[PDB]
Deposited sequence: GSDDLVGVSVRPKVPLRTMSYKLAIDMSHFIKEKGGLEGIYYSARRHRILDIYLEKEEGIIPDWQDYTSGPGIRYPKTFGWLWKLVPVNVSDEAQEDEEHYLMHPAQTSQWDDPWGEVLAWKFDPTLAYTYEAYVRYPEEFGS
């Protein structure tokens, strides 16, 4: 293969989050994929190395239950669906999975439901 050149860094915005949301979806990523703190970071790297996005956007509501994005415009939430425990596992012991939701574009569900997790 050929070494992919560095991409100039930029901070994720509302539109950028929208774009990246659809872009990733259209490629067949994330949807129905088991989330982990480890894979959480794999998502940070991806958008950083391939799209130059600063890794400070991917924040989720603490839980339990559905974890909503704390970046408005990011249309990917976490939804609950375990033998030996992994240190990358969810603190609520819930198995989570990425799920696309365009609704997340028109309502800041995170703030609406858990206003206390802001500050």
Point to revise | Non-modelled portions of the deposited polymer sequence, in sequence order | key: 1-7, 89-104, 143
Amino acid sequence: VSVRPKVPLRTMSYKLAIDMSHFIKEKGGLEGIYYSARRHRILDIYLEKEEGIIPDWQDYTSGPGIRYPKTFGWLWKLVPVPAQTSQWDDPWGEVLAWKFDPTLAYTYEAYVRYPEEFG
From here on, numbers count along this sequence of modelled residues.
**Study point:** Higher-scoring stretch by recorded Cα B factor average, 6-14 or 95-103
**Key:** 6-14
Study note, to complete from the structure: Comparing 54-62 with 83-91, the higher average Cα temperature factor in the PDB entry belongs to 83-91
Check your understanding: Highest Cα B-factor in the PDB entry belongs to which of 38, 70, 67, 27?
Key -> 27
Check your understanding: Among the chain's modelled residues, which third holds the C-alpha B-factor of residue 46?
Key -> middle
**Study point:** residue 76, C-alpha B-factor rank within chain (lowest, middle or highest third)
**Key:** middle
